[PDB]
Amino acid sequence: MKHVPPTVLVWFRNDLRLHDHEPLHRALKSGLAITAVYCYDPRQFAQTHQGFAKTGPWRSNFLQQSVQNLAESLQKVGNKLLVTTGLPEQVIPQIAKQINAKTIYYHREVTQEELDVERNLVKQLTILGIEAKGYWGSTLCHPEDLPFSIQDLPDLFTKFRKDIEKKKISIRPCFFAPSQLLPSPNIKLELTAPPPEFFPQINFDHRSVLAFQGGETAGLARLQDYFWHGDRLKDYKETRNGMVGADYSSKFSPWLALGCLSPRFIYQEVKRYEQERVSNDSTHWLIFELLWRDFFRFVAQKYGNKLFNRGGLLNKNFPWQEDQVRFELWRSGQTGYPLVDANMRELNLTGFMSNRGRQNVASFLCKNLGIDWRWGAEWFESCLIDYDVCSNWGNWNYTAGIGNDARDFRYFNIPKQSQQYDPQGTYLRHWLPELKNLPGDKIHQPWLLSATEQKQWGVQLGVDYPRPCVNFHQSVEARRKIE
């Protein structure tokens, strides 16, 4: 009965921030009262094909904290975040009709699940005579500024990278976070708080690289610490392949995945750092990594569902084992290969794994165990606190040899990698307590321990730590034999 003035609605998904947010910026420039909404989608809390929770505890809790921080940032600027649950394509249009929204502003995604949601949502808006404005803001490089169409995206990262830089594409400046956002008059809406079961209680492990806190505020603080307070960006290139501690890399991933941090804002800060403190290979290398992120997003956009097919991007068959027992050995980190086990346990207990670790465990599953690569991609999807559909599935495709041609079989020598990237065994002892008594480099290959060593050091293979589940050289040559 009360008068409901026309308004605009900003729909949030994986862009939980107020800074450099084009949809939000365009909305406020309309000059109308703004309503903000986040809708927890039950489908994201169901399961993957092999049964894993689609959104595990590490990420669901990080998400809840990110949504909560966004609600607090909006309250701070005199507005509020409407939080509800259900199918967005159903809920958002319902809210829009009720609040008399004239337009919905949102960020566009590129993968099937996300694409169907926004597509069906817009269809409902169109039926109601409500406009929908979507923007591209997930990538460092705007799709419209690329020297080529998505369909023409080069298949080699190097060419992609060289083409964009050797063209001076230029990065769009960041939009400013608003200090005030006019809210519409109070309107009674039926909002459903998300079910508690979506966020199972978490047992934080202090061995974690970081006490990850979801949200834009925590994301900005982390950048502040890594870049400025700690002044460690200058050494990024030298420490990026590390595995122990919070500072061997930015740890920006979970915040970038939910859009708590804009990649263009990070880029902006890298440039500030380069001008104020130092410009070297490290400062440039971090940008290279953001480009890899962009690349996989465009690859996912270009290839669509092929990204999730058995044959991946290259549509290459390859036989794969469906050994559930061996897979659980991998997932639980009881393969008998310390580098792999330490990494898998870190993931299981913290939701995070270093890039160097991810490359090795993925290779071990595909090349050494020869198990359906998708099973590994699914576990990462479930367990990773920084899961990004494009980067995860894209990287798994490459590792499995179904994404990047490269006329040559490729595998990681786990035992070699272990000694090279954890020369003192620090990472290993950090995550594998049972091997803490091993004082020497045999910690990298415990199967080399003599009967005397196993007894003296209290490490009985088969009891305290598992025997290698596979012969390394043999497994590699066997999987390769699949020509």
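So that there is no doubt, residue numbering starts at 1 and follows the sequence shown.
Trainee: Of the two stretches 154 to 162 and 212 to 220, which shows the higher Cα B-factor on average in the entry?
Mentor: Taking the mean C-alpha B-factor of 154 to 162 and of 212 to 220, the larger value falls to 154 to 162.
Trainee: Averaging the C-alpha B factors as listed in the entry, name the stretch that ends up higher: 56 to 64 or 421 to 429.
Mentor: Comparing 56 to 64 with 421 to 429, the higher mean C-alpha B-factor belongs to 421 to 429.
Trainee: Looking at the C-alpha B-factor values in the deposited entry, which of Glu328, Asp145, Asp372, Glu118 comes out highest?
Mentor: Comparing C-alpha B-factors across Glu328, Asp145, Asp372, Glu118, the maximum falls on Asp145.
Trainee: Name the one of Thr35, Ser30, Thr48, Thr452 with the greatest CA B-factor according to the PDB entry.
Mentor: Spelled out: the listed residue with the top C-alpha B-factor is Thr452.
Trainee: Select lowest, middle or highest to describe the third in which the CA B-factor of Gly440 falls within its chain in this entry.
Mentor: According to the entry, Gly440 has a C-alpha B-factor in the chain's highest third.
Trainee: According to the PDB entry, is the CA B factor of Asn368 in the bottom, middle or top third of its chain, that is, lowest, middle or highest?
Mentor: Within its chain, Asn368 is a middle-third residue by C-alpha B-factor, going by the deposited values.
Trainee: For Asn355, return the chain-relative third of its C-alpha B-factor as stated in the PDB record: lowest, middle or highest.
Mentor: It falls in the bottom third of the chain.
Trainee: Please place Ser170 in the lowest, middle or highest third of its chain by C-alpha B factor as given in the entry.
Mentor: CA B-factor rank for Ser170: highest third.
Trainee: Hey, what third does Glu381 fall into on Cα B-factor, ranked over its chain?
Mentor: Ranked within chain, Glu381 CA B lands in the lowest tercile.
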